[PDB]
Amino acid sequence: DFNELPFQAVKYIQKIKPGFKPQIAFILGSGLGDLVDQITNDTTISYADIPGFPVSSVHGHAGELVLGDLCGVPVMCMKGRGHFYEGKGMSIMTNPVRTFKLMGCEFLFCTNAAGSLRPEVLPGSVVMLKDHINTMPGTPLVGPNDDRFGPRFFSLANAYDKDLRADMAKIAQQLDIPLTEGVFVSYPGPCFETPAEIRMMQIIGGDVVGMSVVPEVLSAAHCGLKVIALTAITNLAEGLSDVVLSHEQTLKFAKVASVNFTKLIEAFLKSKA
């Protein structure tokens, strides 16, 4: 029955907001939740009410899907995501991503907060992801394949769509907002990484490290939903500075990064309208 959930999600969403045809899906991580306040003609749906969507174990911290118009683009925005560290496995974002796909989104704009493995890319920066290295155990597609959504095996050669990256690089350049491209390393968490793990990630070629992104990106590649993913850098990774990592610390720099992050998103959306 897990496999049917996106079809039920679609029927539910279509009944709540008849007529609505989203063009772009968003996943809103730390610092970017507030972007939903800018959506007009909006409808908000609790994840508790949408089949297959993640429900947090923390009382009062369940996410919401916001549907509406943003900068001339019809969007469906997940305010909140599920993570591998929640204990529901790597497939925790597969049904939501398939729901974006079936709703007709042309692509997914994934956002998250994370640490920089490069000392010269500082807290408060935004980075555009160009590839990943997965260190979470397994992948979301382990298990029987649902061929309704995609093939048993699939290439990750364009997992972070090349043309969307070129589109956004042009926007950043127009805005004079620095936007490096980096390789994302996933980590299971929910502890932050040790300093030795961070040095390992540098050795194997990582630029950014975090606890999300990979599950939803792999689920998207499987069902052929294009992805662009940008990250708010909230700290240099463990061992690279003397800052104490904590969710409070994360949220501090996520707020900072959100100022330019929002300018990039708005200009990008206006360019797609």
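One rule holds for the numbers: they count along the sequence shown, beginning at 1.
Between 238-246 and 218-226, the higher mean Cα B-factor belongs to 238-246. As listed in the deposited structure, the average C-alpha B-factor of 172-180 and of 108-116 is greater for 172-180.
Per-chain ranking of the deposited C-alpha B factor places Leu70 in the highest third.
In the PDB entry, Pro54 places in the highest third of its chain by CA B-factor.
When all modelled residues of the chain are sorted by CA temperature factor, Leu129 is found within the lowest third. Annotation for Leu164: CA B-factor lies in the middle third of the chain's modelled residues.
Among the modelled residues of its chain, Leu122 has a C-alpha B-factor that falls in the middle third according to the deposited record.
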